[PDB]
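2 protein chains.
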Amino acid sequence: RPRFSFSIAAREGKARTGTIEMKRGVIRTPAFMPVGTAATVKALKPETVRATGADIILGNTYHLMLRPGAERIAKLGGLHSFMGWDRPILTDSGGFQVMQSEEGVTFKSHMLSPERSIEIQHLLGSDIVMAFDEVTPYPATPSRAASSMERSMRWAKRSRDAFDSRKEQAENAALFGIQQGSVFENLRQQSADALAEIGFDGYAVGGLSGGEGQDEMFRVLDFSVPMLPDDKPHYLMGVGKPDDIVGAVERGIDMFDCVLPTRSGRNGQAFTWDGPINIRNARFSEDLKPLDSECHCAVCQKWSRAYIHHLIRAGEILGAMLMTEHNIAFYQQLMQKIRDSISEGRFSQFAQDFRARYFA
Amino acid sequence: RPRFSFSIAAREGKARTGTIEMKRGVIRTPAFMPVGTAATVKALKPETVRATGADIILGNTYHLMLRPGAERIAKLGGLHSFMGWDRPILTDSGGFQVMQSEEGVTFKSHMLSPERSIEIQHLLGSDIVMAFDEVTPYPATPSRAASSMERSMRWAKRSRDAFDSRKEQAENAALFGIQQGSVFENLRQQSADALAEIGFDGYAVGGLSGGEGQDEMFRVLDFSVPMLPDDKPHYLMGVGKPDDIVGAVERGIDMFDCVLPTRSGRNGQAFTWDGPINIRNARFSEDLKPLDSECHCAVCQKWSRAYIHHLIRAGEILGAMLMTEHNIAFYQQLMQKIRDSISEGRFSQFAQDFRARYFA
Ligand SMILES: NCc1c[nH]c2nc(N)[nH]c(=O)c12
Ligand SMILES: NCc1c[nH]c2nc(N)[nH]c(=O)c12
Ligand SMILES: [Zn+2]
Ligand SMILES: [Zn+2]
């Protein structure tokens, strides 16, 4: 396998399905990345993450640099070895957790800058490295959005140069740039233009899911995604709810990460094709059905709603484990249905059918 | 398989190795039972419990009756179905958690008595049912020890009769009686005599590990175990540390349960053949070795001390999972080495070698 190759196998409107080939494996797009905060997808062994269908997971640069430490992980062999996940890993850059000077930022639990962020991602042994950016809070005035976007584009060039100057990283990993500009079309365009002039392996749409709500997010995606190079992956960071994913794919997004399936699983929320359920609710106390009637996951093959209800109410670790496994499996099944429907030219109908039942 | 059959395959001194055949499976003795408090061996799926070598697990009557409820579990199909463990389950009776009238006891989180305890164990679908007893606090005066023992023997007969009057339970489960009498040889003998006159499928030594310490516990086992019927299993409830298990087997015990491997795993203590380690200690922060150098468990095949150190310090659920799996696997490997050494007539040497290295 090459360092990086993205191929589109089929299209429907703005939606695409295809593959990213990297040295540690192939990633089927559109892809959902389970989030490994501190070198673990919470409550799951890596084999279990893989069994659900995940091709790639996300690691958080900010958190890993605080504990256990980036240099410590490198000394121990890198993140893949440390946590026992041998497939691709994408690492975010830290600009979200940060949300200061033109050089970068210092904070108390440390320093982050374009150079230091790329270096930490190198120390971890990341396959997909994200450029270090400045993330504008929503809402943002035009002036502030422009200033943060301009800074982010200067930092994208510094990110690019830091990555390239590290031969081992440049030869074996990929680097993605991050579009900014808040909700403003002209800034989004300036940003896209700047990123494409520098050139990246992939392009994230940054700055959304920051409080603007789905309508506004979709409106911004409507004009922002066509500004990115068509022949590279489009990554929407920190999204999201199933309906957010479907609608973002309808608008050209190829990759996703979110803590929702994991976090909400631990809290008692299970995803189903008829919408999420609150497993702690009394209505589930003697319900022998699985979490979801169609789900192929091991949890739904083996345990009832009633049992998982008990586990979560009791604070048992196995409750977290089962909820999380199901939720991640559900998310992967969603992505698989999206991939198959696009390849078969029936994604429009899938989205319609999905929504009518999920929000019945 | 029969309802119940215990066969001794080999002996060395007072130590025995053999099998208990029951309808849901065979139990290799000497046996360690992982404890499932509230319908879960904490942090482990039942398949993982089985993969470690466990033949049987313990369920806590007291806790299950409080949450989720005994009648609720019966309505849902019984404990095996509820939690997804299809092999034998032993349930304790509640007399430990209780530690009042001659009829039984009422308390606030409910009622327990010989009849109600046997009924709850029936509702759960237990394979090995324990008689309901009264457990004397240590230390106990001779007079108090005698009174509690006498009461326990009256309650053993009531337990026996309740079990027998329930045809389904009598035909498919086994009933074990519990010897009491504190540290007093004459009371222990009276108790053994009373239990054997009633007749049970197995005999537990109750009332120990209550603060008397290992020396005293071993002294009491020295005279108490020979009082029990030789041809039935001998169960030491709530024991224990590896060296406690070895010494109890040297004195004729065939079965064990304890929360130590699970509880102490979650807290950061890993068992090793050179003794327990505190994985949170700084000395493990960059240690690439497995938890134990010889352990065959999946955790030690795959992850380092350093990683598990990180997980436990971070409060991650996977830390609990890995620690627990290892500790239960260690305990099963201990039991396997005990079984093999007795069968091969080299258990004396094993015990000696085990102790010299574990306490080096
Ligand atoms: N949801 C927006 C977002 C999530 N994670 C992010 N990480 C970075 N560097 N930048 C961003 O804009 C975002
Ligand atoms: N360690 C003593 C002990 C543990 N669990 C027990 N359960 C019962 N019924 N009786 C007992 O004496 C004990
Ligand atoms: Zn499922
Ligand atoms: Zn191990």
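Residue numbers (the authors' numbering), protein chains in the order written: chain A, 11 to 109, 117 to 126, 133 to 383; chain A', 11 to 109, 117 to 126, 133 to 383. A prime marks a further copy of an entry chain. Cβ coordinates follow ideal geometry from the N, Cα and C atoms, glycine included.
- In the structure shown, residue 314 of chain A' falls within a coil segment according to DSSP collapsed to helix, strand and coil.
- The alpha-carbon separation between residue 252 of chain A' and residue 152 of chain A' amounts to approximately 18 Å.
- For secondary structure counted as the beta strand (DSSP E) over 3 or more consecutive residues, the segment 260-308 of chain A holds these complete runs in sequence order: 278-280.
- Distance from the Cα of residue 167 of chain A' is smallest, within the candidate group A':206, A':144, A':200, for A':206.
- In the same chain as residue 357 of chain A', and ignoring 5 residues on each side of it, the C-beta atoms closer than 7 Å to its own belong to 265, 268, in chain order.
- CA-CA distance, residue 233 of chain A to residue 46 of chain A, rounds to 21 Å.
- The C-beta distance from residue 66 of chain A to residue 100 of chain A rounds to 6 Å, short enough to meet the 8 Å contact threshold.
- For the alpha helix (DSSP H) assignment, the uninterrupted runs of no fewer than 4 residues enclosed by the segment 165-205 of chain A' are, from N- to C-terminal side, 165-188, 190-195.
- When the beta-carbon positions are compared, residue 362 of chain A and residue 21 of chain A stay at least 8 Å from each other.
- DSSP, reduced to helix, strand and coil, places residue 150 of chain A outside both helices and strands of the structure shown, so it counts as coil.
- The closest heavy atom of ligand 4 lies 7 Å or more from the beta carbon of residue 271 of chain A'.
- Residue-level contact by beta carbon holds for residue 333 of chain A' and chain A, with a gap shorter than 8 Å.
- Taking 7 Å as the cut-off, one finds at least one heavy atom of ligand 4 near enough to the beta carbon of residue 313 of chain A'.
- Residue 208 of chain A' and residue 262 of chain A' have their C-alpha atoms some 20 Å from each other.
- Excluding five sequence positions before and after residue 96 of chain A', the CB atoms of its chain that fall closer than 6 Å to its own CB belong to 90, given in chain order.
- If the five residues before and after residue 282 of chain A' are omitted, its C-beta is found closer than 6 Å to the C-beta atoms of 45, all from its own chain and listed in chain order.
- Look at the beta carbons and you see the segment 337-352 of chain A touching the segment 286-296 of chain A: at least three pairs across the two are nearer than 8 Å.
- In this structure, DSSP gives residue 241 of chain A' a helical state, which the three-state scheme calls helix.
- Chain-ordered listing is empty here: chain A' has no CB closer than 8 Å to the CB of residue 44 of chain A, the nearest sitting near 13 Å.
- Here DSSP, grouped into helix, strand and coil, assigns residue 362 of chain A' to helix.
- In the DSSP assignment, residue 31 of chain A' forms a beta bridge with A':15, A':36.
- Excluding sequence positions up to five before and after residue 372 of chain A', its CB lies less than 7 Å from no other CB in the same chain.
- Per DSSP, reduced to three states, the secondary structure at residue 133 of chain A' is coil, with no helix or strand assignment.
- For residue 100 of chain A', the enclosing beta strand (DSSP E) has its first and last residue at 99-102.
- Here the segment 194-205 of chain A' lies against the segment 221-241 of chain A', with 3 or more beta-carbon pairs under 8 Å apart.
- Exclusion of the five residues before and after residue 300 of chain A leaves 293 as the residues of its chain whose Cβ lies within less than 7 Å of its Cβ.
- Residue state for residue 208 of chain A' is assigned as helix, using DSSP reduced to three classes.
- The set of residues with CB atoms less than 6 Å from any heavy atom of ligand 1 reads, in chain order, A:102, A:103, A:105, A:106, A:153, A:156, A:158, A:201, A:229, A:230, A:231, A:232, A:260, A:261.
- A distance below 6 Å between beta-carbons, with the five flanking residues on each side excluded, links residue 272 of chain A' to the following residues of its chain, in chain order: 25, 40, 361.
- The C-beta distance from residue 62 of chain A to residue 302 of chain A rounds to 18 Å, too long to meet the 8 Å contact threshold.
- The C-beta distance from residue 195 of chain A' to residue 13 of chain A' rounds to 6 Å, short enough to fall under 8 Å.
- Cβ-Cβ separation between residue 275 of chain A' and residue 257 of chain A': approximately 6 Å, consistent with a contact (criterion under 8 Å).
- If you look at residue 329 of chain A, you'll find it in the alpha helix (DSSP H) that goes 328-337.
- Chain-order list of chain A residues neighbouring residue 82 of chain A': 308, 309, 329, 333, by C-beta distance under 9 Å.
- In terms of side-chain proximity, the C-beta atom of residue 349 of chain A' is found nearer than 7 Å to a non-hydrogen atom of ligand 4.
- A Cβ-Cβ separation of about 15 Å leaves residue 295 of chain A out of contact with residue 347 of chain A under the 8 Å criterion.
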